[PDB]
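Chain IDs A, B, C, D, E, F and G follow the sequence of writing; residue 1 opens each chain.
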Amino acid sequence: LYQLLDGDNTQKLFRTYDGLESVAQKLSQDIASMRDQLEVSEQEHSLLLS
Amino acid sequence: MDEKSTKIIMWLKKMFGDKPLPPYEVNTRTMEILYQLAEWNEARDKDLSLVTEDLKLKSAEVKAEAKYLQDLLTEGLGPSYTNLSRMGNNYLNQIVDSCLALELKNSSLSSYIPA
Amino acid sequence: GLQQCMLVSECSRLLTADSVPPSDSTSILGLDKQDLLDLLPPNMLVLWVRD
Amino acid sequence: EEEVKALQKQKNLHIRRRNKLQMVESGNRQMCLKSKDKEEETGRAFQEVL
Amino acid sequence: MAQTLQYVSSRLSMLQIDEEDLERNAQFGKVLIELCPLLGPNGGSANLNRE
Amino acid sequence: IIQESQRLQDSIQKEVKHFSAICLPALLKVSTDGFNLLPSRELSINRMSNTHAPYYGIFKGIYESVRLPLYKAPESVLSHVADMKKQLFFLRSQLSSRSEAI
Amino acid sequence: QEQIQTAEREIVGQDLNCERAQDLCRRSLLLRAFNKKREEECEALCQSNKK
């Protein structure tokens, strides 16, 4: 699960459960942030069209 | 451009195996598209491998637990718990099939209702 | 009767770490499966409960 | 109109399901209180064995 | 050509491919069609998806 | 005799004290590969089975972070996270396409 | 839907796992079985003292 979330084979010598929850929160935040950017971009596009 | 090109050629060789790489128009755009595709495929292949290995592990663990519960019930309730009436078996199968359809953790109402 | 049958079964299993007979493995509290089976209700009551 | 009918049906459904849930919740709450009493009884039986 | 695009876009939903790309690059389009079966609907390798 | 009798002095109490400290479920060992007996509580499928399981609080937190419902089977967590990553890639591609179009 | 979700969170929170009561029952049974074995051992020492 940690490998799936961090992508980076950075052989972190010590994986913690708290670290796992943090990386999971980051993915959710990244998706939310990307959706917000897309929404902004959609507004920008709509303004240009208007 | 020379590094991306190498990655694409290696990736295409991997995908087409023993089949000669088909000739295609090598321009800046075709290379970018192929490069995005190669990056995407590589990232997904990695994810799918990890999921596949985990499912194998989970299949083993579920099997072990199934055996445990079966043994527990046989020893506690006797072999007679498996000799349910036709309707009883139908009811059991429907609960089981409903739970599988909703991908539930267990057959409790606390899981079924929210699902 | 049913509660007792389930409990005995659960506890029997706690004892029987399906492990490999090691002829030498120290049971918890020195109890064997047979020590628990003795705490089952009478065989007539067990059959009645299962039916 | 069909949508209004469909949404009304859905509303009725959600109301029925909410009611059922409230029943299940009340029933479970009662069961949880009684289970605490069992824990206390079994706790006494355990002290007798000790 | 429009059919090839639709096919590639449906299977490779991530690829932003325009009709101009396939018109200027006919042999490239053939490569993409050949890659589509090798790549599952989700961008993963067909073998790994089967597994 | 005095020496051996002293060894057995309060023997019942000593054993009961050690027993009271043990976790019973830790005794339930299951073999997944036929060779290695692991406690059933340590199995990945049971991390969410009971509110009293040692790792329940941690995984509850992980489920909520990835927006996976608690009623879902534990075997679904990796597949779900993989899909989320897939979605992230798709959203990035859409943003890039839209930014180019603008 | 907000009301249903609140009620759902409550049911999930009430998931009565009587694991503590069950643990006590298991322990009680095991200790009863242990007591019986220790009574047999006491009877054996009593016989030795008579001799």
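As a convention for this text, contacts are C-beta pairs under 8 Å (C-beta built on N, C-alpha and C of every residue); 3 or more make two chains touch, one makes a residue touch a chain.
Think of each touching pair as a link: the shortest run of links from subunit C to subunit E has 2 of them.
For the pairs C-F and A-F, the count of C-beta pairs in contact is higher at A-F. Centre-to-centre, using mean CA coordinates, subunit A is 46 Å away from subunit G. Here the CA centre of subunit A is 27 Å from the CA centre of subunit E. For this pair, subunit A with subunit B, the centres built from the Cα atoms lie 23 Å apart. For this pair, subunit C with subunit D, the centres built from the Cα atoms lie 34 Å apart. Within subunit G, contacts with two or more other chains are made by residues 8, 11-12, 14-15, 20, 25-27, 30-32, 34. Among the residues of subunit C, those in touch with two or more other chains are 8, 10, 13-14, 28-29. Counting only residues that touch two or more partner chains, subunit A has 4.
All chain pairs that touch, listed by label, are A-B, A-F, B-C, B-D, B-E, B-F, B-G, C-F, C-G, D-G, E-F, F-G. Every residue of subunit G that touches subunit C in the complex is listed here, in rising order: 25-26, 29-34, 36-37.
Subunit F meets subunit B in the complex at residues 28, 30-33, 40, 43-46, 48-49, 69-76, 78-79, 82, 85-86, 89, 93. The part of subunit B that touches subunit D in the complex is made up of residues 109, 113.
Those residues of subunit E lying in contact with subunit B across their complex are 12, 14-17, 21, 24-28, 30-31, 34-35, 38-39, 42-45, 48-49, 51.
Within the complex formed with subunit E, the subunit B residues making contact are 15-16, 22-25, 27, 29-30, 33, 36-37, 40-41, 44-45, 47-49, 52.
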